[PDB]
Amino acid sequence: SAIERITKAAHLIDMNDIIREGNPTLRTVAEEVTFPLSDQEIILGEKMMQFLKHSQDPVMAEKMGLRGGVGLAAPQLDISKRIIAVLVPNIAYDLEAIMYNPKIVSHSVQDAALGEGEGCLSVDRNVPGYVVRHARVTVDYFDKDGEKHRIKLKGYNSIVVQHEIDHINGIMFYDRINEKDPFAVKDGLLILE
Ligand SMILES: CNC(=O)c1cccc(C)c1Nc1nc(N2CCN(c3ccccc3Cl)CC2)nc(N2CSC[C@H]2C(=O)NC)n1
Ligand code: NI
């Protein structure tokens, strides 16, 4: 299986582990993990975070042929589990978390979108447009020990976590771009830039 292969001590996650558009797994709803976690489920989260750190290291990214990322969801590794990793550097980190069974439990009426649009590791093309998301979210998740965390996010952090949670729900960023008018600005939409 993908999880068995990826969680080998010797394995570093790279672009060859990341599935692309068209793979049914990206459109499937991922399964909740149960507690206690298996060693493999813990290792997977750790490997995913290591991938993000490698992708953000210019030297390592070059050596490994990585595209830079600030989030990764297990379904992108062909693993249909509700596990995501997020690593947003402060422009060392604005947000660093491995989240098991993450869930948005509250959100703002206000919407937000990145002014520069969104990119995705499983998408090898540019898809222009404002990706409309909630401006602010409250997120519950469990850590590797099964301890519950409840955090509040705004700005970039909020965008990134919503993007990754979408993956575990079979949703892609362009699903949230206005079809007819990709750069439309509705009342109540904050453009982040
Ligand atoms: C089409 N417009 C654009 O690509 C886009 C264009 C400009 C600005 C933004 C902000 C854009 N948007 C966007 N840029 C990113 N990267 C900026 C570069 N950075 C990065 C790159 C290299 C090394 C280290 C790092 Cl840190 C990695 C992250 N990432 C995402 N997504 C959206 S949510 C999850 C996140 C993700 O990780 N995607 C793979 N969106
Ligand atoms: Ni993505």
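Residue numbers count from 1 along this sequence. Side-chain atoms are counted along with the backbone in the values below, which use heavy atoms only and exclude waters and symmetry mates.
- Of the charged side-chain nitrogens involved, none lies within less than 4.0 Å of a carboxylate oxygen, so that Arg133 and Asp111 do not count as a salt-bridged pair.
- In this structure, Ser55 and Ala61 approach most closely via the heavy-atom pair O-CB, 3.7 Å.
- Side-chain atoms of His54 and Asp14 include no donor-acceptor pair closer than 3.5 Å.
- With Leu72 as reference, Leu52 is the one residue of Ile98, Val86, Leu52 to meet the side-chain contact (heavy atoms from CB on, under 4.5 Å) rule.
- To the nearest 0.5 Å, atom CD1 of residue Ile168 and atom CE of residue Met99 are 10.0 Å apart.
- Around the NZ atom of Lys154, the shell of radius 6.0 Å holds no more than 12 heavy atoms that belong to other residues, nucleotides or ligands.
- By the ring-ring contact (aromatic ring centres under 6.0 Å, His included) test, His149 is found to be paired with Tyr141, residues two or more places apart in sequence or in another chain being considered.
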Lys103 and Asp140: CA distance, side-chain angles, deciding distance, salt bridge (charged side-chain N to carboxylate O under 4.0 Å, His left out) verdict: CA-CA 5 Å; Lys103 184 182 182 185; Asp140 282 5; over 6 Å; no

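- Judged by distance alone, the side chain of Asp145 and the main-chain N or O of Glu147 form no donor-acceptor pair under 3.5 Å.
- With sequence neighbours left out, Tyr174 forms a ring-ring contact (aromatic ring centres under 6.0 Å, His included) with no residue at all.
- The local environment of CG in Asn126 is sparse, with at most 12 non-hydrogen atoms from other residues, nucleotides or ligands closer than 6.0 Å.
- For the pair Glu41 and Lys144, the salt-bridge criterion is not met [side-chain N within less than 4.0 Å of a carboxylate O].
- A salt bridge is defined here as a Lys NZ or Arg NE, NH1 or NH2 lying under 4.0 Å from an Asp or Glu carboxylate O, and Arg27 with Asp175 meets this definition.
- Using a 4.0 Å cut-off between charged side-chain N and carboxylate O, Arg82 and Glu31 make no salt bridge.
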